[PDB]
Amino acid sequence: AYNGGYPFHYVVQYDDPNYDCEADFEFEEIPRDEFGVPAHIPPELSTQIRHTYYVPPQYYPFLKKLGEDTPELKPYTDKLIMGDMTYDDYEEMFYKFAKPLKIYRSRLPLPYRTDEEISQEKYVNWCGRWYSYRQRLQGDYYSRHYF
Amino acid sequence: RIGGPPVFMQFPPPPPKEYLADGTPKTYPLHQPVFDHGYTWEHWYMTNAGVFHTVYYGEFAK
Amino acid sequence: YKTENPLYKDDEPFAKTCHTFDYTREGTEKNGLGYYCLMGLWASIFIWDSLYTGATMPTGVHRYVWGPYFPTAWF
Amino acid sequence: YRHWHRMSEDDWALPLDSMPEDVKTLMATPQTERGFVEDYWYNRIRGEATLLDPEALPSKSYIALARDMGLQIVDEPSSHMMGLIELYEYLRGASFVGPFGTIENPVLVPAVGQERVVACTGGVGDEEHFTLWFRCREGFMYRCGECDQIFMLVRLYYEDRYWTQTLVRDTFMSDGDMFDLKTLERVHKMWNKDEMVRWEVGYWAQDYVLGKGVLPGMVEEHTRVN
Amino acid sequence: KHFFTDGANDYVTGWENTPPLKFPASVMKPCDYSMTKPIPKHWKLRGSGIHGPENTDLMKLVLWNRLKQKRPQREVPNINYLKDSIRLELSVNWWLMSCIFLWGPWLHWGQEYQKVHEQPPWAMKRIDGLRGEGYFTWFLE
Amino acid sequence: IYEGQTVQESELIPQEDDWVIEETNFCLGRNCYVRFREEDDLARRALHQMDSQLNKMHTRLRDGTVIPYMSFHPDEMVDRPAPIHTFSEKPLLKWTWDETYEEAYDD
Amino acid sequence: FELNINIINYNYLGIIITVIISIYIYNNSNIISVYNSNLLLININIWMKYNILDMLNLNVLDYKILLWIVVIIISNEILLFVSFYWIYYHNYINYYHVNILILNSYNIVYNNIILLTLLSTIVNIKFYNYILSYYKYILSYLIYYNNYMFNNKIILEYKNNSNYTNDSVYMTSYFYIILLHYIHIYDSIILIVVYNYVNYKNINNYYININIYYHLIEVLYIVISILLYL
Amino acid sequence: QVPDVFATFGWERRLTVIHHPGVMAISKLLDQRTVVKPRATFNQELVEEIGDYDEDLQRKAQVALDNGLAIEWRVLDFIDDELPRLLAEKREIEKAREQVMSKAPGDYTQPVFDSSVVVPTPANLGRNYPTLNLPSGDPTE
Amino acid sequence: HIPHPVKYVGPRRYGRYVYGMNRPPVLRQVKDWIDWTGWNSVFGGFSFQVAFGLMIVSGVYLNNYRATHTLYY
Ligand SMILES: CCCCCCCCCCCCCCCCCC(=O)OC[C@H](COP(=O)([O-])OCC(O)COP(=O)([O-])OC[C@@H](COC(=O)CCCCCCCCCCCCCCCCC)OC(=O)CCCCCCCCCCCCCCCCC)OC(=O)CCCCCCCCCCCCCCCCC
Ligand SMILES: CCCCCCCCCCCCCCCCCC(=O)OC[C@H](COP(=O)([O-])OCC(O)COP(=O)([O-])OC[C@@H](COC(=O)CCCCCCCCCCCCCCCCC)OC(=O)CCCCCCCCCCCCCCCCC)OC(=O)CCCCCCCCCCCCCCCCC
Ligand SMILES: CCCCCCCCCCCCCCCCCC(=O)OC[C@H](COP(=O)([O-])OCC(O)COP(=O)([O-])OC[C@@H](COC(=O)CCCCCCCCCCCCCCCCC)OC(=O)CCCCCCCCCCCCCCCCC)OC(=O)CCCCCCCCCCCCCCCCC
Ligand SMILES: CCCCCCCC/C=C/CCCCCCCC(=O)OC[C@H](COP(=O)(O)OCCN)OC(=O)CCCCCCC/C=C/CCCCCCCC
Ligand SMILES: CCCCCCCC/C=C/CCCCCCCC(=O)OC[C@H](COP(=O)(O)OCCN)OC(=O)CCCCCCC/C=C/CCCCCCCC
Ligand SMILES: CCCCCCCC/C=C/CCCCCCCC(=O)OC[C@H](COP(=O)(O)OCCN)OC(=O)CCCCCCC/C=C/CCCCCCCC
Ligand SMILES: CCCCCCCCCCCCCCCC(=O)OC[C@H](COP(=O)(O)O)OC(=O)CCCCCCCCCCCCCCC
Ligand SMILES: [Zn+2]
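Printed below as a string of structure tokens:
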């Protein structure tokens, strides 16, 4: 939904190991995408094709362990083991387990105030309310007088 | 951004103070003259110092 | 499995939030019948002014089947 | 954040040419002594060595696994510092709106220096008043003269330094057992054999450990024209 | 669209105020806590309470707006979007076609008629003895 | 229009019968032209000027809180005379709303 | 952290450019003016170099600031043409009955409209390629051919016209309005000669500026064509 | 117990969030593009559309569909030769999935399968496929 | 902006080009192309010239022919 669907960064693959898109001026090589789709297969067709991530089977015991320790993570790990995890499924897993940072007010050092001053907090609030009461009434009084 | 212009930097300490050979501190030009005349009046004016404060600003004849 | 060609999918809706964008009741998406009526009138006035040059200088003789205070006379 | 520009290519990964050529010393350097580039490759070499050894992952604890990948375990102190960093960064290009400040819960005004200019706009609705600007200096509980809103300055300071992501990592992360170069070699042979190099960082890293330009094709890899 | 707008056509940074509709609400949701139920009195404020990354939805919005910038494939838009992107280009091209195949023929015809009859075919012939082509746009006379 | 903060009757009830509005002086003091010392060089006169800023002054109330120098506009918030670089850290304009989110609280 | 803006402390092009301007007034030979104009072109290029180097700051608002500046400049160009149209139409009551030959409505208008429309189509294709991260070498040379024909046609028209600036206010306004459009066409040559492919693509203010400017010139000619030729 | 970790993104401008250590491990694992590979699964309708753009791929894609293979595109270009291995690979992967899924919780022993036919794995790292982007026909025929 | 579906209802693919076999009639192809790329650009682009052309060429009857037959003197 940004930049007309063109990602800012994406992977491109080449079949010839010694290929350089800047040095060579040949006209036979066809670049591939991150999933390996050749460039002459349009995206409206390739995006419909279902691509899933395949990890070596030696990773299955590890993926099983992750699911058991975190049951909410199990359905995503199962998809990965069974070769049913697409890129979208991976993204859902990634953002589901992202948490925000916590700020603790109890750790903030406070400006210095003596014990006697801390006991006068109610008094100062009381004075502030009376100032506002006097302020609001005077506005009506002055408005009538000067106008 | 790492390496960008810092949002805050502490001032380095000022350069060493200079003393004359006899030990008197060295003075520097100062455009705050003490005018010579017989007037000694002092006028004070209550001045706005924000919205909730004032300052008693004084003007001295000298 | 079954898939939909992205080219022929429908436009995504605006998100429903505290700040929701809505153009449905504005009626500014396309020119309406009133605009095309204005175009029709402009064509008619253009043709009419050229065809009938004396229309702007009408005759003053007034003849009414039911007089001048009858509705058909007014128009 | 909204005020940041596009991600660069380096924001994702660094080119292998930036790998330090003295890998043997890199893997022995303490974290506090590693620079940004050195720290990046220490974590990537050590992190990918553990991840590319499937048979050992299930028996590795999350604490050890996080250490190998270079991820910092969160605790209340580190979480507090990181949280205030992000809040400071967010406020660089975002509005400052929150609950009304009181003595129990003063408005927090993050700052790096000893002072930051703040404005009070009062409460909500009718209680909102004209902007009243004041200089919020450390060590004073500021009280708006009009609405009596309480402000306080929070300084991102620690031991002659201001809080940063790297500073938090160095202060709280503890270096574990020294990385063993045998693991690098063992994983290297696992994924790199007979001209197939599926573990390329290790291939370069192993080549640097053996000197430079020892493994097949590395001399041609390091020869450049300009 | 050609012109850059921070709100809608933000192609310089790609920032989007809301996440994609693909994600389930549990995974990611628009940053809206206007409907939060009243806080119990016994709860105590731990965080700042300031609008910012401490809120989960805003943190995920910032994270996604940075990590969406790398994707394996294109996110193909529908033909309606593609039409709108080059609306001016296509219309200018059709305007060129109209000039060549509509305006050109009748403009050529008028000049040929003017040659023979001294005035364009869409003009009243004069009887006042003045010579020359005369006006072209008759309705502006 | 703004007419001050709203006040409820209960908020005006004192906890003692002898309470009266505090008589704290909000006149910051007596001032004049900043008077430098001839012995101070350019660097130390700069320190002198930075220590004479009225906008860094405040009045401490009886509960330890301070009411600072305040102004309608931020023009009065920079050091006087204005330094070359003024707002190194972006001044924060604090807005207030009734919205809240659960993550900020703990039970 | 870092400051929101990387301040620019000093600059010396302003003095040079201002002095270059003064040299125009204090010349004793028109040859100095020709060489002075080259200096102005050089120093303006240096100023454009500073704008490109500012990309290193990675400031998101830089693109927006320059874009809105161009919008203001475009408005000033439009209002300048409005004044010429104002001048032309003020004396409208004195036109069409004086013994001068006004321009034909068949030849010049049609080919110029066709020619300038092709110019728009070329620039549109450039924009489309810029959207697709793609380049076509031939496009620039089509613009040069287009500009060559426009120069060749306008030069002949002025030389073969049988009426002069001093003949009537009508002729003065015709020549002046056409020259003002030409100058804006020449300014387009100044801009388009450097068109290249840059790999940072849609964060380059030059592409959007060129598309807007070329469109403005062409639409202005439509107004001119209706006023003078048709 | 799963500790929470800090996850940072970006090089010069760094954004930090709290994340799941296991998820991050998976995330970095999927970044090993040479080890973890995306594979394509086809359906009959999509295979037919491929022919509109590459006739040879359509025939090779049809073979993959007929055998229900999840196949990498590079391998697909050699499906004529790799088919016997790909069928063997499919069986071994299915065996491993069944064993690990069926194992009781807390049992993290490695599955028993023939890794020599599964690519990429330490037992078999794959073949050095030559590029097929060369012409064979003579234009004048 | 009001979200709305894609109005194109013609064929989405003709198949691989094989020496121009099994393809629709040319006129049908032109209609499909304009449907695919949008009739709104066609109408907008042609509107200005059609309006100007009709107004000018209508004078052949409105201004020339009618005037000769309609002059009361
Ligand atoms: C009869 C037959 C003959 C006819 C002849 C006609 C002659 C016409 C001559 C025109 C000359 C060319 C001018 C335009 C050149 C560029 C063309 C171009 O690129 O177009 C395609 C392109 C389409 O954009 P897009 O984003 O792809 O849009 C996609 C969709 O179209 C959908 O887009 P969207 O709707 O989603 O919106 C996005 C887009 C939509 O915008 C556009 O696309 C703009 C299209 C404009 C085309 C021109 C049409 C004519 C406009 C007439 C305006 C008259 C103004 C009032 C005059 C009063 C006189 C008394 O927004 C922008 O691009 C924003 C641009 C910035 C606008 C800045 C405006 C500043 C002035 C504001 C008014 C000031 C007065 C206030 C008074 C009240 C005070 C209380 O347009 C642009 O991108 C151009 C923007 C940059 C140039 C803007 C120039 C502004 C000049 C302001 C002058 C103000 C003067 C005020 C004082 C006057 C009295 C003293
Ligand atoms: C018994 C007796 C019977 C008697 C029977 C008599 C029969 C009589 C029949 C009369 C028929 C009358 C019909 C009236 C009703 C009409 C209904 C209708 O359809 O109206 C709407 C219809 C079309 O309006 P629409 O529906 O809104 O259009 C739909 C669009 O698709 C909307 O979609 P869109 O907005 O997406 O459209 C595309 C748009 C999308 O926009 C964008 O992409 C965004 C950007 C837009 C801003 C662009 C900024 C600038 C762009 C820069 C590029 C410039 C390139 C060119 C450069 C040139 C350089 C030289 O972009 C553009 O369109 C603009 C860009 C394309 C190139 C622009 C070229 C320059 C235009 C300005 C100059 C025009 C004057 C030129 C003059 C010649 C040359 C000097 O309006 C008309 O056709 C006008 C009505 C004309 C009425 C004439 C009446 C008088 C003539 C009568 C003739 C017959 C009389 C015969 C004698 C009879 C005696 C009895
Ligand atoms: C048996 C042979 C029969 C031949 C019949 C005649 C055919 C002549 C066709 C000429 C078309 C020229 C169009 C000019 C516009 C620009 C074209 C363009 O974009 O080129 C890109 C093209 C490649 O650009 P790129 O950036 O590498 O690739 C961009 C794309 O990605 C990839 O670009 P692309 O590949 O898509 O390009 C598509 C196409 C796009 O353009 C078109 O398709 C437009 C087609 C318009 C047809 C015009 C025909 C004119 C004929 C009039 C004859 C009148 C006779 C009157 C008799 C009167 C009797 C009283 O562009 C071209 O193919 C341009 C022509 C390439 C030839 C280059 C080699 C030098 C000239 C060789 C001429 C040989 C003539 C032999 C005649 C033999 C007769 C038996 O540019 C070049 O090749 C470099 C510049 C040279 C191109 C223009 C050459 C002009 C030659 C004119 C020959 C006719 C003269 C007639 C004089 C009559 C006097 C009375
Ligand atoms: C079974 C029923 C079949 C019916 C078939 C009907 C066929 C009708 C064919 C009509 C052909 C009309 C051709 C008109 C061409 C005029 C060309 C012309 O004037 O060229 C000159 C002019 C430039 O000359 P200048 O000297 O510069 O003067 C103008 C500017 N100063 O150039 C142009 O006009 C170029 C544009 C060419 C327009 C071509 C129009 C072709 C129209 C074809 C219509 C076909 C209809 C078929 C209907 C089939 C129904 C079953
Ligand atoms: C007499 C009438 C007027 C003619 C006389 C000379 C007037 C000179 C006034 C020139 C004003 C220039 C204002 C420019 C404002 C816009 C600048 C701008 O956007 O430039 C950047 C933009 C894109 O750069 P990026 O690095 O991608 O991004 C930038 C950072 N985001 O770059 C460009 O626009 C490239 C410009 C290249 C061409 C430069 C040509 C300079 C021409 C100067 C003409 C001087 C002629 C003097 C003649 C004197 C005698 C008559
Ligand atoms: C449908 C598309 C076209 C729309 C056209 C809109 C036109 C808007 C005009 C705005 C300005 C109106 C000014 C008031 C009208 C006055 C006309 C008038 O009196 O004309 C004669 C008078 C001269 O008479 P005297 O001084 O008494 O004696 C002269 C003896 N030699 O002329 C003037 O003063 C008028 C000059 C101003 C009009 C021309 C220039 C201004 C118009 C610029 C238009 C620019 C393009 C269109 C912009 C709007 C686009 C949406
Ligand atoms: C600064 C100068 C600018 C240039 C000068 C402009 C001056 C005029 C500007 C007008 C506004 C232009 C935009 C109009 C948009 C539009 O069409 O707007 C279309 C709208 C209808 O809107 P929708 O159809 O979109 O809902 O039409 C109207 O509201 C009015 C026009 C409809 C027809 C009116 C009929 C008039 C009848 C007159 C008497 C006829 C007698 C006949 C006897 C037989
Ligand atoms: Zn306040």
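Residue numbers (the deposited numbering), protein chains in the order written: chain 4I, 42 to 188; chain 4V, -7 to 54; chain 4C, 1 to 75; chain 4X, 33 to 258; chain 4W, 11 to 151; chain 4Y, 24 to 130; chain 40, 1 to 230; chain 4H, 18 to 158; chain 4F, 77 to 149. Where is the CB? At the ideal position from N, CA and C, for every residue including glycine.
1) If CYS176 (chain 4X) and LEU164 (chain 4X) are in contact, beta carbons under 8 Å, what's the gap, nearest whole angstrom?
2) Can you tell which of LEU118 (chain 40), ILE183 (chain 40), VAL60 (chain 40), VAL123 (chain 40) has the C-alpha that lies nearest to the C-alpha of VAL22 (chain 4W)?
3) Leaving aside the five residues before and after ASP74 (chain 4I) along the sequence, list all residues of the same chain whose C-beta is less than 8 Å from its C-beta, in chain order.
4) How is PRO87 (chain 4W) classed by DSSP in three states: helix, strand or coil?
5) Out of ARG218 (chain 4X), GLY154 (chain 4X), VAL156 (chain 4X), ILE117 (chain 4X), which one is the CA nearest neighbour of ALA143 (chain 4X)?
6) Can you name the residues of chain 4I whose CB is closer than 7 Å to the CB of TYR43 (chain 4W)?
7) Could you tell me whether any non-hydrogen atom of ligand 6 is closer than 7 Å to the CB of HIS90 (chain 40)?
8) Exposed or buried, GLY27 (chain 4C), counting other C-beta atoms within 10 Å across all chains shown (16 or more means buried)?
9) Roughly how many angstroms lie between the CA atoms of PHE103 (chain 4I) and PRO128 (chain 4H), to the nearest whole one?
10) To the nearest angstrom, how far is the alpha carbon of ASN163 (chain 40) from that of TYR95 (chain 40)?
11) Just the C-alpha distance for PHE211 (chain 4X) and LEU84 (chain 4Y), rounded to the nearest angstrom, thanks.
12) Let's test the definition: count the other Cβ atoms within 10 Å of the Cβ of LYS78 (chain 4W) and tell me whether it reaches 16, buried, or not, exposed.
13) Check this for me: beta carbons of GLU122 (chain 4Y) and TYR43 (chain 4W), under 8 Å apart or not?
14) Taking only the alpha-carbon atoms, compute the straight-line gap between residue 204 (chain 4I) and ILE217 (chain 40) and give it to the nearest angstrom.
15) Under a Cβ-count criterion, where at least 16 other Cβ atoms within 10 Å of its own Cβ denotes burial, should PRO25 (chain 4V) be classed as buried or exposed?
16) Within 8 Å, do at least three Cβ pairs link the stretch 95 to 115 of chain 4X to the stretch 124 to 131 of chain 4X?
17) If we call anything under 8 Å between Cβ atoms a contact, is residue 274 (chain 40) one with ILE87 (chain 40)?
18) On the criterion of 16 or more Cβ atoms from any shown chain inside 10 Å, does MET59 (chain 4X) qualify as buried, or is it exposed?
19) Could you check if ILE44 (chain 40) belongs to the surroundings of ligand 5, using beta carbon to heavy atom distance under 7 Å?
20) If I'm right that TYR101 (chain 4I) touches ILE122 (chain 4I) with Cβ under 8 Å, what's the distance once you round it to whole angstroms?
21) For chain 4X, check one thing: does any of its Cβ atoms lie closer than 8 Å to the Cβ of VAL(-1) (chain 4V)?
22) In the DSSP assignment, what are the bridge partners of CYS50 (chain 4Y)?
23) Use the C-beta contact count for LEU130 (chain 4F): other C-beta atoms within 10 angstroms, 16 or more gives buried, fewer gives exposed.
24) Between the stretch 175 to 187 of chain 40 and the stretch 123 to 133 of chain 40, do three or more beta carbon pairs fall short of 8 Å?
25) Beta-carbon within less than 6 Å of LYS70 (chain 4W)'s beta-carbon, same chain only, minus the 5 sequence neighbours each way: which residues are those?
26) Taking 6 Å as the limit, name every residue whose beta carbon sits nearer than that to some heavy atom of ligand 1, in sequence order.
27) Is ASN224 (chain 4X) helix, strand or coil when you go by DSSP?
28) Any beta carbon from chain 4C within less than 8 Å of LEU71 (chain 4W)'s own beta carbon?
29) With a Cβ-Cβ cutoff of 8 Å, do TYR131 (chain 4I) and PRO82 (chain 4W) count as a contact?
So, to answer that:
1) Confirmed, about 6 Å.
2) Checked all of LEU118 (chain 40), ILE183 (chain 40), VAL60 (chain 40), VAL123 (chain 40); the closest Cα to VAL22 (chain 4W) is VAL60 (chain 40).
3) Scanning its chain for C-beta atoms nearer than 8 Å, with the 5 sequence neighbours on each side dropped, one finds around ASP74 (chain 4I) the residues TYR51, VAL52, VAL53, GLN54, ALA80, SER87, in chain order.
4) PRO87 (chain 4W) falls in the coil class under three-state DSSP.
5) When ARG218 (chain 4X), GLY154 (chain 4X), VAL156 (chain 4X), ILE117 (chain 4X) are compared, the shortest CA-CA separation from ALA143 (chain 4X) is found for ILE117 (chain 4X).
6) Close to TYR43 (chain 4W), with beta-carbon spacing below 7 Å, lies no residue of chain 4I; the smallest spacing is near 13 Å.
7) Remark: the C-beta of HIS90 (chain 40) is in contact range of ligand 6, defined as less than 7 Å to any heavy atom.
8) It counts as exposed.
9) Near 11 Å, if we compare the C-alpha coordinates of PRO128 (chain 4H) and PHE103 (chain 4I).
10) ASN163 (chain 40) and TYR95 (chain 40): Cα-Cα distance of roughly 14 Å.
11) Going from the Cα of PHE211 (chain 4X) to the Cα of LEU84 (chain 4Y) covers about 59 Å.
12) Counting other Cβ atoms within 10 Å of its Cβ, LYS78 (chain 4W) reaches 16 or more and is therefore classed as buried.
13) The answer is yes: Cβ separation under 8 Å.
14) The structure shown does not extend to residue 204 (chain 4I), since chain 4I is modelled only from 42 to 188, so the question has no answer here.
15) Its Cβ having fewer than 16 others within 10 Å, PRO25 (chain 4V) is exposed.
16) Output reads no: the stretch 95 to 115 of chain 4X does not touch the stretch 124 to 131 of chain 4X.
17) Because chain 40 is modelled from 1 through 230, residue 274 (chain 40) falls outside the range shown and cannot be assessed.
18) Around the beta carbon of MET59 (chain 4X), a 10 Å sphere encloses 16 or more other beta carbons of the protein chains shown; the residue is thus reported as buried.
19) Taken from the Cβ of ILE44 (chain 40), at least one heavy atom of ligand 5 lies inside 7 Å.
20) Rounded, the Cβ-Cβ distance is 5 Å, consistent with contact.
21) Taking Cβ atoms only, chain 4X reaches closer than 8 Å to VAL(-1) (chain 4V), which makes this a yes.
22) Note: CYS50 (chain 4Y) sits in a beta bridge opposite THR46 (chain 4V).
23) Residue environment for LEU130 (chain 4F): exposed (fewer than 16 other C-beta atoms within 10 angstroms of its C-beta).
24) Cβ pair count under 8 Å is below three, so no.
25) Once the five neighbours on either side are set aside, the close Cβ partners of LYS70 (chain 4W) are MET38.
26) Per the Cβ criterion, the list is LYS11 (chain 4W), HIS12 (chain 4W), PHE13 (chain 4W), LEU98 (chain 4W), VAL71 (chain 40), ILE74 (chain 40), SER75 (chain 40), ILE78 (chain 40), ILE212 (chain 40), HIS215 (chain 40), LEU216 (chain 40), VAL219 (chain 40), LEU220 (chain 40), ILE222 (chain 40), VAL223 (chain 40), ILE226 (chain 40).
27) Correct three-state label for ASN224 (chain 4X): strand.
28) Taking 8 Å as the threshold, the shortest C-beta distance from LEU71 (chain 4W) to chain 4C does not fall below it.
29) Taking 8 Å as the Cβ cut-off, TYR131 (chain 4I) and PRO82 (chain 4W) do not qualify as a contacting pair.
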